[PDB]
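Below, in structure tokens: the form deposited in one PDB entry, a single chain.
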């Protein structure tokens, strides 16, 4: 069973195996009931590697532990072997967080990786399955490569497979497979899921300082919720075993194939258990990760909610508490365009460049690969640095713990100090889910044409005490300074003279009919206004956003589906 035949299987192409920014995501039942669905796609990824480059190539493979992952990893090995891929590096039990895969690709100079995750979407027999492809910089495959995969998948007629090859995913070490009529062996390395990632973090952060923060009498009390997803064993081996947090600090830290039956998505309703725990007042700091570990929600004593746009501003303002940045320097800051302007206040005060990018990783990774980006953030619970080429939720928690250790203040007092220094960007996102496309597209086309008229800049909108004056209004465009690409129609912005913004986007992650995302960013300098309820302070700007867009009239919605 270490010697196996290579066979050619005739297959039929599917027409919809189109990777997006985040991979190919289908319902598990589709993968199961569509013959050769996964095989076709895996073969299609590998066909993008020139045969002459396969023998010396390594692919990193792992996923978030959801149902169907181990069957898929076996299939990757069976096809990789038969196609002449020299070596796979696989996390034990198939487990690798998305940041760990990025770490390992870059550490061992793999040609890329295949991540078995649908991120924050549910899993289990009735949920979703995802297949991501990352390339040699450890980041997501860019669109030129995912298009080739899609093209290959639509006309594929056969794949090569080693049907008798079986990998033991549970034991560490090197497994070799001799292939019938092939001279060199196929090699699988099962590595510890956490080791390489933990070794990386060990050089970024001061584990001594953190261990002192988290251990003993006056320890910072923390509660970390992996939501039954991939970050679980990372929490246990790093925060508990190595840094000395008591074991009760790690909740939902055993990966479950169905993520305990819930969405592994960190926000106030999907992580309501963590929130309710934090309300008790016993713990100083709480955090939640998504299913594959690149997203994070940060909570403080009493359930104080650090909104992600503030979180990256705070890290930016205390960035040299982290030894990595002490030693590399700060090459730049970035946030997606819809993210709040809190980061800009910090970057302006410290004379560091601020990149405002369209939604999507590739803009961040481009700037990182150019040595221009050290810290980036997304209002959708994303924080990252150039230590890898994916966002990193556990990294962001360690960043926070490092800042708490040097600041010696509560999470809430750090935010109050921040807002007093930079002013506060009150922020919320309204999601209108599954609105009819005709209404939503009409709402956007009409609003854009309203904004383009000569009189729109300088117009004044008032609601209560607030007056907002239009400084600029446009449909966001981005000329990418690395790859030359021009990204257009990236979101309608109403930029007011006072620092506030309204942003409208249509979601590019198509559900079934459009979803509208309305971002409200209201800047406030007054000290008697910075400690107010955000929804109260955002109401004037929300009123204006609905009035000028005519959203209720276009869509029939009187209320968002989700407020964040």
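Positions refer to the first chain, counted from 1. Rigid core (definition): largest C-alpha set, two forms, superposition within 1.5 Å.
If you look for the form deposited in another entry, you will not find it shown, but the lines that follow are about it.
- Message: Out of 235, 415, 103, 435, I need the residue that shifts by 2 angstroms or more at the Cα between the shown form and the other one, core superposed.
- Response: The displaced C-alpha is that of 435.
- Classify residue 532 as shifted (yes) or not shifted (no) between the shown form and the other one, where shifted means its C-alpha moves by 2 Å or more with the rigid core superposed. No, the C-alpha position differs by under 2 Å between the shown form and the other one.
- Threshold 2 Å Cα movement between the shown form and the other one at residue 456, rigid core reference: True for residue 456: a C-alpha shift of 2 Å or more.
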